[PDB]
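# Descriptive structure summary
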Amino acid sequence: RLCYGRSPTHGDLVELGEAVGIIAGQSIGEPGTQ
Amino acid sequence: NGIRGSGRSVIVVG
Amino acid sequence: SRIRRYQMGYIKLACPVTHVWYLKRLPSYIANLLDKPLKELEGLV
Amino acid sequence: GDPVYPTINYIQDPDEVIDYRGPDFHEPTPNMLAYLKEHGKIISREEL
Amino acid sequence: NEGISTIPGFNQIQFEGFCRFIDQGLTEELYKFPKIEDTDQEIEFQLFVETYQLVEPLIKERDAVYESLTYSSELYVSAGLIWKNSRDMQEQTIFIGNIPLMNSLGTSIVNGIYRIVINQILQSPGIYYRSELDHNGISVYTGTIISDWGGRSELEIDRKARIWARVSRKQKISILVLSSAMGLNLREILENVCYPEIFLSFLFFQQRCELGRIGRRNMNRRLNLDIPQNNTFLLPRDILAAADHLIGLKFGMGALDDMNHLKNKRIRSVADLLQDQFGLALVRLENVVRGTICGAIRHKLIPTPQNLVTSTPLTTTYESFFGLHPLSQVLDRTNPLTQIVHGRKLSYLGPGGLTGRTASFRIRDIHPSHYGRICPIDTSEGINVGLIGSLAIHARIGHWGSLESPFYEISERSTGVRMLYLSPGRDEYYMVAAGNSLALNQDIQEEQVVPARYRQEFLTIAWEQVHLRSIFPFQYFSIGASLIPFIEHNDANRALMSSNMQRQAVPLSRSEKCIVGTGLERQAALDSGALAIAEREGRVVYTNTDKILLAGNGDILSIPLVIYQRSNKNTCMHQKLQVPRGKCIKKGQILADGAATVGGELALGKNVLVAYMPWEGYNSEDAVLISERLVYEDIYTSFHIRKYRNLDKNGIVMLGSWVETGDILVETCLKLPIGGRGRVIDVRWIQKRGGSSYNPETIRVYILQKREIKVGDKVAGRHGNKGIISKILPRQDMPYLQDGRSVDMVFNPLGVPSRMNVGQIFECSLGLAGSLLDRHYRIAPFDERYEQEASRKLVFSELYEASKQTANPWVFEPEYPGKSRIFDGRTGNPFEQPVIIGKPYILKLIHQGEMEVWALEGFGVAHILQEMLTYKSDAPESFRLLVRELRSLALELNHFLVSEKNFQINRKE
Amino acid sequence: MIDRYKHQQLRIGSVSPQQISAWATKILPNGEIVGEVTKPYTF
Amino acid sequence: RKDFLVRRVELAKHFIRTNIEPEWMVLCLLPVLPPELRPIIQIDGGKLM
Amino acid sequence: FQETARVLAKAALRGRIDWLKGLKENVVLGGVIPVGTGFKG
Ligand SMILES: [Zn+2]
């Protein structure tokens, strides 16, 4: 949790069990269309 | 060869 | 009828044959295990 | 002011049936069978 | 000679193609038929192309479609020359097979289904001299010689001479040895080619040499040879001149070529495809007759040419072609527009063509040679973008597979005026200018500048240098792009969107002509085929709903009428009468109307009063808030026909039955699906299939559904505006004008600056003016060539005339011309800003994975994902399927769930 | 905080000429061994 | 040559401690895919899918 | 996902034991994905 940091979805530390990899992949891929 | 081988409807604004 | 979908069969072969991707492919595990180039073995087969 | 190109060229009567025998329409397209039968490309059933 | 003074017919391309085919291709294919000589003791003959007789079909068109038989014509040839050894000529008229016939519109009926043949674009045989960029040294100049079949033979050039060919597998194919093996002497080889110094310093016949007729012309044009047109073989002098031009281009004496140029591409038509199919059928027939000869000599019996030949190969070949070829497609009978815009399509993909992903990005973009020949607007959206295009209006095939465009000479010659058709390669050398001559600056009027096009480049030149001149308005656009009024005020993207949406129009019950039009709807309705045109002159002596009787010079001609028939895409077809009894008519004039046509003009929609304003967020997105008047006044009502206690004794549903969702009519009994309910108009028992068997697989039933305009339907205009109906409001709740009339539709104004459409406002204002003045307007595109701001004057003059003749000052208000103040329907208070008021022409439209798993895993809903996967699939079923598929290839899988308490392994199967 | 310690191991391997018989060979009432396809036509 | 030799060493070290015999690469017996996994809808009037 | 030919051949030759510690592994298997509500402990 401390290496990742704060999640922009809710505004606190990332909860255990959150798929940060899929979120990162989507957040990097979806701006490529525009 | 063995190796190689909900209702969709329009949405409106409410 | 799911037992039919799960049941399988077997066929006995009079002469042995060799897997498709164990030989022809660029990584030839049989050739690497037999210390012989692919030319002769291809020939035997 | 008034336009240089006359507007009367654009005005068309609403209850008007278009006459295709006019200066701005091509010749009537004949039936393919009759057109090819007149020129002798296709022979009739009796004449055969 | 037609098309130089007026717009040509929309079906002339396929007409002339089929005529050329049935005129020359059949004989050309029968000439190349081989001769089979056998059966010495028996009496036989060979294939003599002397009779060549085609008999008219016995069945009629109506009958064929009704009974699902192909409409075709018989072929009887009396191919008799001489026997094998009997020394007596035994000539018998043998029946080879049946050849399909094309209608006047271009559609062929095969097995009861209207089918069309779409043209194809591909490169032409010849040499191109492409300069491939080289990383090291000078740029390598590679010249590719294309043959008629599609072969490729390249010639490379390195820093040195290094004249090698790419025909062989190796990089160096010894072009010198290849030229020596051709049969030419070495001395003559070094003496014929120019610059013999570098030549001396430098130390297949199946498809490559078989160049086509156009290939020889292209090679003689690109090079400087004078080989006669009869020769169609690749001579060694061709390769010599190719090497000479390549080594000359290496020194700077040469010019590269562009494969995107229309002069480098050839247009195939229905004639070429049908000729190839006839050739394949003749090959099959030769094989069949050889086999039956080998069988008859075995059976020891003298055969008969009638019994020796079989009518199977031709029929089966044409059936397979019309059924499985990518170019052969079914006709789209949604509206009379799709019937005329479907034959004008050009396809880059297909047999021997570029694929979807294989095609480079340079092929899809527009080329300067496409002007007046290929529409720059029409393009099929999707993965196949840029590969499907529409043929221009003033375009035809130029005897060499090249599409040409008309042009007008403005040079001081003997005649001074001649509409010339110019090939895409010949037009580039002339000065083509599209500009008016309304300019005078104290000169001879010939020193004035004008935008012109020369060598695929735009430049402004004087009026003395121009050679040709384009004078037709619809010369550069297709049928779809032309039907858009005020196209100069819209973007090309919205023009494409409107051209796509006009195809998806539903013929309504009662049709009305548009107040503001482009003037091409007349010829569209003429070439549609849904209008009964007179084939003879005379008086109409008997008018009835079923037929019309025309009496001319004693002879009486009976003309049937389509009464509530079904199209291919569930659309009713009906024809109404427009001529009273006892009036005179001429050939080519309308006797009966048609569907989506009134008065000989295309009518795909109605005129409705429309205001542009935000209304309670119901039109925040692209959405329309319509009035309830369109529901009870039968404005946007349409018919749809689908095919599949009420059951009779035999089991079939009787006529007049009102089936409902779930009712059965004939699993064992066919049931109407969800959403389908209507009156059963007619039932036909298909006891005999025509599939060569009497198959009562089922009895065809037809239901009619009158679909009233409701919420969710898509309404679209002719300028790219699209809207989904969100709410229906009563007449009392809609906004009302100062005259007291409630508006019918309310559109969102914010879309106008978003999609960049300005012509819709002109159309609305001019339609309102025409509705008040009882006038209809037909405007040709690009009216600004007459004067600057011509459309503004045309609209405002009519608005003011309607405001002054009829005392309606709210129509044209000087403070804001084109805008008027309206009121609210609920509170009766005026809005603080004026709104646009007009009567536009609104059309009714017919259309009413791993990423999800990734999103569900991102949210964190594991149970929902598991449930969704188990519902989509139905140890799980997917795991069993995978383990079975893997163990079918000698691969073992095990789950091996290990328990952490007692430390034991449990295999789960 | 001790985890739940779930352990699942999916193993892959090449089958043996002896293990292949464990899939198709089934028992019968008379006792005759069955599982072999000896006829080319299936229907 | 040395890469082939290293790959041979790596391949030979596995078979010593993997219970997988190397003579199983040839098919002395062939498996058969189940019927429903193969495309089979129904049989009616001698029809074969 | 990409080769599907040699990635299975080498795995069957080595006799690889795969522990289902991923997402798409359990997706293809059909069990609960150890992400979010499925992540226990
Ligand atoms: Zn304008």
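Looking at the method and resolution fields of the entry, one finds cryo-EM and 3.0 Å.

Further remarks concern the overall build of chain G. When you go through chain G residue by residue, the secondary structure sums to one helix and one strand. Projecting the C-alpha coordinates of chain G onto the three principal axes gives extents of approximately 65 × 25 × 15 Å.

Below, the discussion takes up the overall build of chain E. When helices and strands are counted, chain E shows 21 helices and 52 strands. The C-alpha extent of chain E, read off along each of the three principal axes, is 105 × 100 × 95 Å.

Residue and element names in this part refer to chain E. For strand 38 (residues 623-627) and strand 44 (residues 722-729), the ladder comprises five bridges, and the chain directions are parallel. Across the sheet, residue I626 finds its bridge partner in strand 44, namely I728. Sheet topology note: the strand 38/strand 45 (residues 745-747) ladder contains two bridges and is antiparallel. Bridge pairing links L625 to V746 in strand 45.

Looking now at the interface of chain E and chain D. At the junction of the two partners, chain E supplies 52 residues and chain D supplies 36 residues. Listing elements by their share of the side of chain E that touches chain D, those giving two or more residues are helix 1 (12-31), strand 1 (53-55), helix 14 (521-528), strand 46 (776-778) and helix 18 (790-805) of chain E. Split into classes, the residues belonging to the side of chain E that touches chain D amount to 21 nonpolar, 15 polar and 16 charged. One ladder, built from two bridges, connects strand 1 (residues 11-12) of chain D with strand 46 of chain E; its direction is antiparallel. Within strand 46 of chain E, the residue paired with D:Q12 across the bridge is E:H776.

What follows covers the arrangement of the chains. Interchain contacts are distributed over 15 pairs of chains, and the most extensive set of them lies between chains D and E. At the level of C-alpha atoms, the two units chain D and chain F stay apart, their nearest approach being 50 Å. Across the gap from chain B to chain H, with no contact made, the nearest C-alpha atoms are 7 Å apart.

Ring plane angle 40° and centroid distance 6.3 Å describe the contact between E:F18 and E:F21, whose orientation is recorded as tilted. In this pair, E:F18 and E:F21 are both assigned in helix 1, three residues apart and thus about one turn of the helix distant. Considering the side-chain rings of E:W615 and E:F831, the 6.5 Å spacing of their centres and the 75° angle between planes classify their relative orientation as edge-to-face. Residue placement shows E:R217 over the ring face of E:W400; its charged tip is 5.1 Å from the ring centre. Lying over the aromatic face of F:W23, E:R887 brings its terminal NZ or CZ to 4.3 Å of the ring centre.

Contact geometry of helix 1 (residues 20-29) of chain A with helix 19 (residues 850-859) of chain E gives a least axis separation of 8 Å together with a crossing angle of 125°. Put simply, helix 1 of chain A runs oblique to helix 19 of chain E. Regarding helix 1 of chain A and helix 19 of chain E, the two cross each other, and that crossing is left-handed. Two secondary-structure elements touch here, helix 1 of chain A through A:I22, A:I23 and A:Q26 and helix 19 of chain E through E:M851, E:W854, E:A855, E:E857 and E:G858.

Here helix 1 of chain E contains 20 residues, and its C-alpha end-to-end distance of 28 Å stays within 8% of the 28 Å for a straight helix at 1.5 Å per residue. The sharpest bend along helix 1 of chain E reaches about 40° and sits at E:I22.

On to the pairing of strand 6 (residues 119-123) of chain E. Inspection of the sheet shows strand 6 of chain E paired to strand 16 (residues 345-347) of chain E by two bridges, in the parallel sense. Counterpart to E:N119 in the pairing with strand 16 of chain E is E:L346.

A few words on the packing of helix 1 of chain E against helix 8 (residues 270-299) of chain E. Residues and elements named next belong to chain E. As a packed pair, helix 1 and helix 8 sit with axes 8 Å apart at the nearest point and diverge in direction by 30°. For the element pair helix 1 / helix 8, the angle class is roughly parallel. Note on packing geometry: the crossing formed by helix 1 with helix 8 is right-handed. The residues of helix 8 that touch helix 1, namely those facing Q14, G17, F18, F21, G25, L26, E28, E29 and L30, are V270, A271, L274, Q275, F278, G279 and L282. Taken together, the residues that form the contact of helix 1 with helix 8 break down as nine nonpolar, five polar and two charged.

Below, the discussion takes up the sheet that holds strand 43 (residues 714-716) of chain E. Strands in a sheet are paired, the pairing made by backbone hydrogen bonds, and the direction either parallel or antiparallel. Residue and element names in this part refer to chain E. Strand order in the open sheet made by the nine strands is 36-49-43-44-38-45-37-48-47, with mixed pairing throughout. Looking along the sheet, the strands with just one partner apiece sit at the ends: strand 36 (605-607) and strand 47 (819-820). Its contacts with the sheet put helix 17 (residues 759-773) on strand 37 (610-612), strand 48 (835-838) and strand 49 (841-844), and the angle it makes with strand 48 is roughly 55°.

It is worth spelling out the pattern of salt bridges at this point. Taking the shortest distance from any N to any O, the salt bridge between D:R21 and D:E27 comes out at 3.6 Å. Of the charged contacts, one joins E:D824 and E:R826 as a salt bridge, the two residues approaching to 3.2 Å between their closest N and O atoms. Among the ionic contacts, a cluster of salt bridges with common partners joins E:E616, E:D824 and E:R826.

Another aspect to go through is unusual backbone geometry. In this model, E:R162 sits at a positive phi of 45°, which is unusual for a non-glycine residue. Within the chain, G:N19 stands out as a residue other than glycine whose phi angle is a positive 60°.

Residue and element names in this part refer to chain E. Read across the open sheet, the four strands follow the order 29-28-27-32; overall the sheet is antiparallel. Among the strands making up the open sheet, the edge pair consists of strand 29 (555-560) and strand 32 (584-585). Note: strand 27 (residues 538-543) against strand 32, two bridges, orientation antiparallel. Each bridged residue has a counterpart across the sheet, and for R539 the counterpart in strand 32 is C584.

Moving on, we get to the environment of E:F474. Residue and element names in this part refer to chain E. Mapping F474 onto the fold places it in the loop between strand 24 (468-469) and helix 12 (479-482). In this structure, the C-alpha to C-alpha distance between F474 and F639, residues 165 residues apart in sequence, is 34 Å. Not counting chain neighbours up to four residues away, the residues in contact with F474 comprise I7, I393, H394, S482, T518 and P781.

Residue and element names in this part refer to chain E. With respect to the helices and strands, the residue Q120 is situated in strand 6. In the structure, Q120 is positioned 45 residues away from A165 in sequence and 31 Å away in space, judged by C-alpha atoms. Not counting residues within four places of it along the chain, the set of residues in contact with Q120 comprises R266, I267, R268, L327, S347, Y348, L349, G350, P351, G352 and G353. Polar contacts involving the side chain of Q120 include one to the main-chain carbonyl oxygen of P351, which spans 3.1 Å.

The rules behind the values
By convention in this text, residue numbers begin from 1 on each chain and track the written sequence, not necessarily the entry numbering, and residues missing coordinates are not displayed. Whichever chain is written first becomes A and whichever ligand is written first becomes 1, with later ones labelled in order. Reported quantities concern only the chains on display, which constitute a fraction of a larger assembly. In computing side-chain values, all of the structure's heavy atoms are included and hydrogens and water are not. Residues with missing side-chain atoms are left out of burial classes, side-chain pairs and their counts. Where helices and strands are cited, they refer to DSSP runs of H or I of at least four residues and of E of at least two residues respectively, numbered from the N terminus. Strand pairing is defined by DSSP finding a minimum of two bridges between the two strands. We call two residues contacting when some pair of their heavy atoms lies within 4.5 Å. When residue character is reported, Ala, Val, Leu, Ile, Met, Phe, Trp, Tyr, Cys and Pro are called nonpolar, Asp, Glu, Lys and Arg charged, and the others, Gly included, polar. Stacked, edge-to-face and tilted labels apply to pairs of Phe, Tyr and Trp rings (six-membered ring for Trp) whose centres lie within 6.5 Å, assigned for plane angles under 30 degrees, over 60, and everything in between, in that order. Two conditions define a charge sitting above a ring: the NZ of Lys or the CZ of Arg must be within 6 Å of the ring centre, and it must be within 35 degrees of the ring normal. Note on method: axes are straight lines fitted to C-alpha atoms, helices fitted across the in-contact stretch only, with angles between N-to-C directions ranging 0 to 180 degrees. Should an angle fall under 35 degrees it is taken as roughly parallel, and over 145 as roughly antiparallel, whereas 65 to 115 is taken as roughly perpendicular and any remaining angle as oblique. Crossing handedness is read from the near helix: turned anticlockwise from the far helix by less than a right angle, it gives a left-handed crossing, and turned clockwise, a right-handed one. What a helix is expected to span follows from its residue count: subtract one and scale by 1.5 Å. Fitting axes to the seven residues ending at a residue and to the seven starting there, one defines the bend at that residue as the angle between these axes. A side-chain nitrogen of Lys or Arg and a carboxyl oxygen of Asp or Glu constitute a salt bridge if their distance falls within 4 Å. Two N or O atoms count as a polar contact when they lie within 3.5 Å, although within protein this holds only if one can serve as hydrogen donor and the other as acceptor, and sequence-adjacent residues are included solely when both atoms are side-chain atoms.

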